[PDB]
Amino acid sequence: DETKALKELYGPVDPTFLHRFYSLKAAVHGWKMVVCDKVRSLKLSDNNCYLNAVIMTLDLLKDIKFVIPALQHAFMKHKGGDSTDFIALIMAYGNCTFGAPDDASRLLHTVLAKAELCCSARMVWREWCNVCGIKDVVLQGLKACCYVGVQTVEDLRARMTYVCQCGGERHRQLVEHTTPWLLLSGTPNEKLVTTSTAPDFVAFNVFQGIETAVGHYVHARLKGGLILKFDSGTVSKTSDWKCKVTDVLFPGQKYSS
C-alpha cells in the first residue's frame, strides 16, 4: 500500500504533505548554506532567517536523533554538508509558506517534538501542598532538555508558590535535573548580553521587530570570550549586545535540590 509505506518513511502526515515537501524542495534549491567563522549558516533569502536560527540551534544539540526516517536521513545529509532536504522537510512539517517570515522558536520546538535523545536525561518536578501531600512529575529524554516559559536556569529552579484546589497553598519546584544540554525559550526579552559577566549560556537566538509579531531572527553563539552573531550568512563578533532574546541554550545540567 502507498499510504502505509509513506507513513513509514514520513510519519502520519496529511494528504497534502508530499506535494508541499517536494515543492518546497524545488523552491529552496537555490538557497545555500555558507561557511561563516568555520560553521555553516543559511544565507538570507525569501524571509528565511528563522530557518537559519532553527538550523544553527539544532546543530548545537548533541545526541538528538529523529524518529521519522526521512527526517533522520535528511538530518544526516545536512550534517554531511547537503542541507536542502532537511530545510524543505522542516518547512513541510512546520507548515511553512515559502517566502513568508515565521516563528523560529515555534518551529524549533515542532522539529524537536519529532526527535529523541540518544542518552538518558531526566527532569523531576515536586509538587506539594500542606493538605494534599506530595507528588513527583518525571520527564525523561528530550522532554527533560527543553522548557518553554523561562530563559534562565535560576528562574527554572525557582520554587513556585500558588493556589491549590482545596484552599491550601501549593508548591512546585524542580528537584532533580540531569541533561546533556538545556534549551529554554520565552517571548522576546530585551537583555544587555555581555561577555564581561562570562555567561552560563552558550548560545541564544535574537528576535528583531515588534514583539507581538513573527520577526526576523539572528543566531548567536558564545565563543572565545565573544558573542558571535550569525545573521543569515554573515558573522560579526562583539563583547556586548542589547537585544531581544528568545531561545537560550545552556550546557548539560547535573542538579539536585
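One rule holds for the numbers: they count along the sequence shown, beginning at 1.
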89-97 versus 149-157 - greater average Cα B-factor per the deposited record: 149-157
Residue range whose averaged C-alpha B-factor is higher in the record, 61-69 or 201-209: 61-69
Out of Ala115, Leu182, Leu107, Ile134, residue topping the C-alpha B-factor column of the entry: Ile134
Highest-ranked of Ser196, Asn48, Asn189, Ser41 once sorted by CA temperature factor in the record: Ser196
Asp103 CA temperature factor, ranked by third within the chain: middle
Entry-reported Cα temperature factor of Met76, expressed as the chain third it lands in: middle
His29 - which third its CA temperature factor falls in, relative to the rest of the chain: middle
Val111 - Cα temperature factor, lowest/middle/highest third of chain: lowest
Among modelled residues of the same chain, the CA temperature factor third for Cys243: middle
